[PDB]
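See structure below.
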Amino acid sequence: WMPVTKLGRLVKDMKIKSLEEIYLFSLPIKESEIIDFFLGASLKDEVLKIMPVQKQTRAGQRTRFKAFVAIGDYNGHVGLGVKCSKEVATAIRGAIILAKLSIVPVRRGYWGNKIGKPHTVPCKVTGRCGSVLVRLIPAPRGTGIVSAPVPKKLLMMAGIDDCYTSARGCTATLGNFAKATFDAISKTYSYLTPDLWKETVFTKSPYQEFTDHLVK
Amino acid sequence: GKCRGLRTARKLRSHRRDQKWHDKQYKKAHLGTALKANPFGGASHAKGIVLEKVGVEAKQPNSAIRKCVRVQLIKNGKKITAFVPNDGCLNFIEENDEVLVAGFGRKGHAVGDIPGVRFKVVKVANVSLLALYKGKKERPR
Amino acid sequence: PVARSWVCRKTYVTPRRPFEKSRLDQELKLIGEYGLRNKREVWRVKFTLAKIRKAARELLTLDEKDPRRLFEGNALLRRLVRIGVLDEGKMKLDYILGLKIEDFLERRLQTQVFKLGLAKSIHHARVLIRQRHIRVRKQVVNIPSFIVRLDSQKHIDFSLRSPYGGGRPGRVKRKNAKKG
Amino acid sequence: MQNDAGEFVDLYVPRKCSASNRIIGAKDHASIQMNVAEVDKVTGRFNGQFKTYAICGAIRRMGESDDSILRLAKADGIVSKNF
Amino acid sequence: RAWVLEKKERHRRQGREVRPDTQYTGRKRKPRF
Amino acid sequence: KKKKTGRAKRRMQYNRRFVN
RNA sequence: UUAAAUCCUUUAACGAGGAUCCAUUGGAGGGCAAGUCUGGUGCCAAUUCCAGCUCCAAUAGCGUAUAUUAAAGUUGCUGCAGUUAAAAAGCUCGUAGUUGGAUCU
């Protein structure tokens with residue numbers, strides 16, 4: 001592996017410890033193998049749907065495959081990738097590439113009394129895509145993910161153990177039904193809960209501490 | 001929009017009363033005239049005397065010659081056209097036979113293949129067509 | 001007017017989705033190492049858990065010092081400790097939601113006989129219970145799904161009137177010895 | 001963020017916009033992090049200290065990032081009240 | 001039978017996985033009672 | 001030959017699917 | 001046991017190798033659990049009808065018809081809609097109804 005971007009040089013050599021440091025400064029990832037370096041031993045992908053858009057040509061219709069894959073580590077990191085290519089293998093290869101570049105941390109909370117590890121979504125959060133609306137509601141411990149099969153796959157990649165779910169809109173569209181539930185999951189860290197009201201002590205940027213190393 | 005007053009129960013109750021009638025499922029079960037023209041009279045099965053045997057052509061994209069029977073129901077005197085499971089099962093039916101007749105399966109709508117027939121024959125001469133076709137029983141005449 | 005009682009219940013609930021690959025395999029896993037006859041013995045233990053879980057989450061929404069929460073929370077927790085699915089130090093209403101099906105299925109008389117070394121397999125245990133070879137305290141039990149309390153755990157004996165117990169030989173051994 | 005036993009059970013604590021107090025998302029690539037340097041009192045020399053400003057990507061799209069840092073710096077002592 | 005074929009090929013246009021076209025495509029299995 | 005029925009059919013199904 | 005019986009419970013005797021003391025009912029080669037199958041029957045290779053095999057599901061049970069509930073946020077108080085898809089009155093005044101600014105220790 002030849003690190004070609006500046007983040008890649010900082011992750012090939014041991015100075016960036018965890019992937020949360022990338023997420024804390026909202027730094028954009030540009031390579032797939034940056035995710036593989038930190039926690040790549042547990043990523044499992046699932047080809048949800050292959051859906052070709054048809055552009056008819058002068059010598060017959062051209063069949064170009066869109067691929068929908070979802071991937072996670074079952075501990076709080078989930079992503080969804082959409083990539084369009086000609087054949088089956090290239091489309092799913094490009095889709096897991098873009099799914100790796102869209103890995104989002106997942107905030108988990110408790111239903112009540114806050115014992116042990118968190119298990120549910122912290123609050124009622126909603127995802128919207130197309131006409132499809134997907135709502136995630138927290139549940140007591142050991143309830144299970146009360147969902148359709150398409151969000152049952154996505155929610156289990158994110159490591160969420162319990163969830164009440166509702167849907168509205170034309171959920172037959174699997175692309176919109178999987179993109180909307182990914183929007184609801186990624187909106188868990190976009191919502192300000194009163195346990196995060198503290199005055200934020202700003203942490204030194206990773207670009208500026210390792211300034212001497214990027215010189216060489 | 002919808003009125004949200006505290007003292008608007010009478011208008012909210014009366015409006016929902018009138019707007020229920022505009023659903024055809026609610027009108028069929030409640031007006032009562034959808035059970036008067038039902039040949040079964042709101043029942044699940046009905047017995048009748050076989051009048052004759054006829055054949056019914058199928059739809060245009062799937063051409064077939066399906067064979068039915070004309071049976072006159074006892075309790076109300078109405079004529080219905082009933083379907084037999086195959087052409088082999090027609091060997092066990094003769095005219096002036098008492099047959100027990102059920103619906104085909106979609107609460108009043110016809111077959112997705114052959115139009116015009118809404119009912120299927122369950123028993124003939126007080127024995128079942130499944131036991132007759134599988135050789136389990138013999139029917140009296 | 002009769003002197004009869006008509007009150008009766010259903011002890012199981014069929015799932016809404018009849019054919020899904022994830023639920024079919026988790027149920028088959030439970031039939032495997034617990035030696036059950038059908039899916040109904042899985043759905044029965046699944047149903048008795050949801051009745052307990054519903055009672056727990058109804059008491060939890062009540063405030064802490066409510067006297068119905070204190071009486072019936074203590075009553076519910078004592079019943080779970082008594083059948084041996086809860087530890088002594090885990091007496092709280094929040095720990096009930098952390099139970100699973102496998103904790104209840106481990107307390108059956110079929111499982112306890114296999115765990116106590118009275119049988120060679122979980123299926124050998126089931127046929128041994130049914131054939132009147134196993135007693136608890138002083139009472140012979142046919143029912144494999146007999147849930148064993150903690151006080152009955154160390155008293156699962158081995159049936160003094162059985163060939164494997166007191167010593168009267170069976171029908172097969174008696175018939176065979178008559179041949180010679 | 002924290003259980004009843006006092007243990008900290010969370011992945012990370014995300015930053016806030018210093019202008020409008022918004023949680024900056026992990027995929028918010030429109031945000032910035034300001035490094036505005038200090039000067040010496042009597043000589044105007046860089047002594048190594050600074051204080052930082054973070055602006056969320058929602059404000060920067062509206063075009064109100066200009067008055068955002070300027071208002072923060074006015075209260076922070078860098079820009080004088082005689083502006 | 002021919003109605004089944006055009007519905008299979010419509011699903012083939014949609015790109016979902018289909019069973020291969022063979023002799024047993026549209027055949028009534030048995031009479032239905 | 002004949003097929004097993006009851007508890008022993010589930011045991012044989014469990015072995016063909018999970019163990020092997 | 002019981003009014004007298006029966007059933008259950010307790011027990012003498014006999015009672016299992018294909019332990020023939022033999023478990024069914026439905027569905028699958030167009031979507032959910034499950035098919036690159038076989039043999040008869042005929043149209044100009046495709047194709048009407050019939051009998052089987054293999055697999056899947058529940059199991060002393062399992063199909064079918066009909067009524068009804070949930071799915072249905074497709075009767076919407078919670079909680080739907082009315083540009084172009086079903087739908088806002090041609091315009092204004094107007095009884096009942098519904099709703100009604102601030103202010104008092």
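Read-outs: derived from the displayed coordinates by stated rules, not from any lab. When we count neighbours, we look across all protein chains shown, and the Cβ atoms used for this are built from the backbone with ideal geometry, even at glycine.
For A:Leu98, all conditions in the list (1) more than 11 Å from every other protein chain (Cβ to nearest Cβ); (2) over 25 Å from A:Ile34 (Cα atoms) hold save one; what is the number of the exception?
(2)
Restricting attention to the stretch A:1-49, which residues are part of a helix (DSSP H, G or I), of a type outside the set (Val, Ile, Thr) and within 14 Å of chain D (Cβ to nearest Cβ)?
A:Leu7, A:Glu20, A:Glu21, A:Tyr23, A:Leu24, A:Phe38, A:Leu39 - these are the residues of the stretch A:1-49 that are part of a helix (DSSP H, G or I), of a type outside the set (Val, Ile, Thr) and within 14 Å of chain D (Cβ to nearest Cβ).
Would you please name the residue that is nearest to the chain's Cα centre (by Cα), looking only at residues in the stretch B:86-114 that are within 29 Å of B:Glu138 (Cα to Cα) and within 8 Å of RNA strand G (Cβ to nearest atom)? Write out each step before concluding.
In the first step, residues of the stretch B:86-114 are kept if they are within 29 Å of B:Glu138 (Cα to Cα); the result is B:86-105.
In the following step, the residues that additionally are within 8 Å of RNA strand G (Cβ to nearest atom) were identified as B:86-88, B:102-105.
Details: B:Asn86: 18, B:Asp87: 20, B:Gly88: 22, B:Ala102: 6, B:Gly103: 4, B:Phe104: 6, B:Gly105: 8 Å.
The residue in question is B:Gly103.
Identify the residue in the stretch A:132-154 that is within 14 Å of chain C (Cβ to nearest Cβ) and in a helix (DSSP H, G or I) and, among all such residues, is surrounded by the fewest Cβ atoms within 10 Å (Cβ to Cβ).
Out of the qualifying residues, it is A:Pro149.
Do we have any residue at all in the stretch B:115-138 that's among the hydroxyl-bearing types (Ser, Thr, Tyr) and within 14 Å of RNA strand G (Cβ to nearest atom)?
Taking every residue of the stretch B:115-138 in turn, at least one turns out to be among the hydroxyl-bearing types (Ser, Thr, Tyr) and within 14 Å of RNA strand G (Cβ to nearest atom).
Which numbered condition in (1) surrounded by 13 or more Cβ atoms within 10 Å (Cβ to Cβ); (2) touching a helix residue (DSSP H, G or I) at 6+ places or on another chain (Cβ under 8 Å); (3) of a type outside the set (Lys, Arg) is the only one that A:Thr5 fails?
With (1) surrounded by 13 or more Cβ atoms within 10 Å (Cβ to Cβ); (2) touching a helix residue (DSSP H, G or I) at 6+ places or on another chain (Cβ under 8 Å); (3) of a type outside the set (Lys, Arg) applied to A:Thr5, the lone miss is (2).
Output the residues belonging to the stretch B:58-84 that are part of a strand (DSSP E or B) and more than 10 Å from RNA strand G (Cβ to nearest atom).
Once the filter is applied, which keeps residues that are part of a strand (DSSP E or B) and more than 10 Å from RNA strand G (Cβ to nearest atom), the stretch B:58-84 yields B:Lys67, B:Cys68, B:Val69, B:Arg70, B:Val71, B:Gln72, B:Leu73, B:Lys79, B:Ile80, B:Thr81, B:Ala82, B:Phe83.
Which of the residues spanning chain E are aliphatic (A, V, I, L, M) and more than 6 Å from RNA strand G (Cβ to nearest atom)? Outline the logic, then answer.
Of all residues in chain E, those aliphatic (A, V, I, L, M) come to E:2, E:4-5, E:18.
Hit for chain E is E:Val18, nothing else.
Cβ-Cβ distance below 7 Å, separation of 6 or more or different chains: which pairs start in the stretch B:124-138 with a residue that is in contact (Cβ under 8 Å) with a residue 24 or more places away in the chain and under 14 Å from E:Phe33 (Cβ atoms) and end on one that is surrounded by 15 or more Cβ atoms within 10 Å (Cβ to Cβ) and among the β-branched types (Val, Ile, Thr)?
B:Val124/B:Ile93; B:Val124/B:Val99; B:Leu129/B:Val121; B:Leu129/B:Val122
Looking at the stretch C:41-48, is at least one residue touching a helix residue (DSSP H, G or I) at 6+ places or on another chain (Cβ under 9 Å), among the hydroxyl-bearing types (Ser, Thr, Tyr), under 30 Å from C:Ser121 (Cβ atoms) and within 12 Å of RNA strand G (Cβ to nearest atom)? Show your work before the answer.
Here is the first cut: in the stretch C:41-48, the ones touching a helix residue (DSSP H, G or I) at 6+ places or on another chain (Cβ under 9 Å) are C:41-43, C:45-46, C:48.
When the remaining residues are screened for being among the hydroxyl-bearing types (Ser, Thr, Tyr), the result is C:48.
So of that shortlist, the ones also under 30 Å from C:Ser121 (Cβ atoms) come out as C:48.
Subset that is within 12 Å of RNA strand G (Cβ to nearest atom): none.
Checked the stretch C:41-48: no residue is touching a helix residue (DSSP H, G or I) at 6+ places or on another chain (Cβ under 9 Å), among the hydroxyl-bearing types (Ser, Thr, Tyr), under 30 Å from C:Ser121 (Cβ atoms) and within 12 Å of RNA strand G (Cβ to nearest atom).
Do we have any residue at all in the stretch B:23-34 that's farther than 20 Å from B:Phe119 by Cβ, within 14 Å of chain E (Cβ to nearest Cβ) and within 9 Å of RNA strand G (Cβ to nearest atom)?
No, the stretch B:23-34 contains no residue that is farther than 20 Å from B:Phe119 by Cβ, within 14 Å of chain E (Cβ to nearest Cβ) and within 9 Å of RNA strand G (Cβ to nearest atom).
Kindly list the number of the only condition in (1) within 10 Å of another protein chain (Cβ to nearest Cβ); (2) under 18 Å from the mean Cα position of the chain (by Cα); (3) over 28 Å from A:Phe25 (Cα atoms) that fails for A:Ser190.
(3)
Output the residues belonging to the stretch F:4-20 that are more than 7 Å from RNA strand G (Cβ to nearest atom) and outside any helix (DSSP H, G or I).
F:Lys4, F:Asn20
For C:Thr48, all conditions in the list (1) over 28 Å from F:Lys4 (Cβ atoms); (2) over 23 Å from the mean Cα position of the chain (by Cα); (3) surrounded by fewer than 16 Cβ atoms within 10 Å (Cβ to Cβ) hold save one; what is the number of the exception?
So the condition that C:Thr48 fails would be (2).
With (1) in contact with a helix residue (DSSP H, G or I) (Cβ under 7 Å, 6 or more places away or on another chain); (2) surrounded by fewer than 20 Cβ atoms within 10 Å (Cβ to Cβ) as the list, and A:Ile115 as the residue in question, which single condition is left unmet?
Against the list (1) in contact with a helix residue (DSSP H, G or I) (Cβ under 7 Å, 6 or more places away or on another chain); (2) surrounded by fewer than 20 Cβ atoms within 10 Å (Cβ to Cβ), A:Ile115 comes up short only on (1).
Residue by residue through the stretch A:98-122, note down the ones that are of a type in the set (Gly, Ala, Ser) and within 23 Å of C:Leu97 (Cα to Cα). So that I can check it myself, show each step before the final result.
At the first step, the residues of the stretch A:98-122 found to be of a type in the set (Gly, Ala, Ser) are A:99, A:102, A:109, A:112, A:116.
Within the stretch A:98-122, A:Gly109, A:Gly112, A:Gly116 meet the criteria.
Please enumerate the residues belonging to chain F that are within 14 Å of C:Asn38 (Cα to Cα), of a type in the set (S, T, N, Q) and loosely packed, with under 11 Cβ neighbours inside 10 Å.
Within chain F, just F:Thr5 meets the criteria.
Looking at C:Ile52, C:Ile101, C:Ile83, C:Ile96, which one is of a type in the set (A, V, I, L, M) and within 16 Å of RNA strand G (Cβ to nearest atom)?
One residue alone meets the criteria, C:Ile101.
Restricting the search to the stretch A:31-64, which residues are under 17 Å from A:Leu98 (Cα atoms) and either among the charged types (D, E, K, R) or over 22 Å from the mean Cα position of the chain (by Cα) (or both)?
Answer for the stretch A:31-64, where residues must be under 17 Å from A:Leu98 (Cα atoms) and either among the charged types (D, E, K, R) or over 22 Å from the mean Cα position of the chain (by Cα) (or both): A:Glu31, A:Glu33, A:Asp36, A:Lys44, A:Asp45, A:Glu46, A:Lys49.
Yes/no per residue for (1) more than 14 Å from chain A (Cβ to nearest Cβ); (2) at positive phi; (3) free of Cβ contacts under 8 Å to residues at least 24 places away in the same chain:
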position	(1), (2), (3)
C:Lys54	no, no, yes
C:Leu59	no, no, no
C:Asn74	yes, no, yes
C:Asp87	yes, no, yes
C:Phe104	no, no, no
C:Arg107	yes, no, no
C:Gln110	yes, no, no
C:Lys115	yes, no, yes
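Given the criterion basic (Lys, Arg) and within 14 Å of chain E (Cβ to nearest Cβ), identify the matching residue among B:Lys75, B:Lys134.
Details: B:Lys75 fails: within 14 Å of chain E (Cβ to nearest Cβ).
Just one listed residue meets the conditions, B:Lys134.
Provide a single number: the residues in the stretch A:193-214 that are away from chain D (no Cβ under 14 Å) and within 22 Å of A:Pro28 (Cβ to Cβ).
3
Which members of the stretch B:44-74 meet the condition of being over 30 Å from E:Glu6 (Cα atoms) and surrounded by 13 or more Cβ atoms within 10 Å (Cβ to Cβ)?
Matches in the stretch B:44-74: B:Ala46, B:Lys47, B:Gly48, B:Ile49, B:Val50, B:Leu51, B:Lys53, B:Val69, B:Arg70, B:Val71, B:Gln72, B:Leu73.
Would you check if there is a residue in the stretch B:46-57 being of a type in the set (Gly, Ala, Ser), in a loop (DSSP other than H, G, I, E, B), more than 14 Å from chain E (Cβ to nearest Cβ) and away from RNA strand G (no atom under 12 Å from the Cβ)?
no
Any residue in the stretch E:1-28 that is away from chain A (no Cβ under 14 Å) and under 22 Å from B:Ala64 (Cα atoms) sitting within a Cβ distance under 9 Å of a residue that is assigned to a loop (DSSP other than H, G, I, E, B) and among the aliphatic types (A, V, I, L, M)? List the pairs, counting only those 6 or more apart or interchain.
Matching pairs, first to second residue: E:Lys8/E:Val18.
In the stretch D:3-34, what residues are more than 7 Å from chain A (Cβ to nearest Cβ), touching a strand residue (DSSP E or B) at 6+ places or on another chain (Cβ under 6 Å) and free of Cβ contacts under 8 Å to residues at least 24 places away in the same chain?
Residue satisfying the conditions is D:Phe8 alone.
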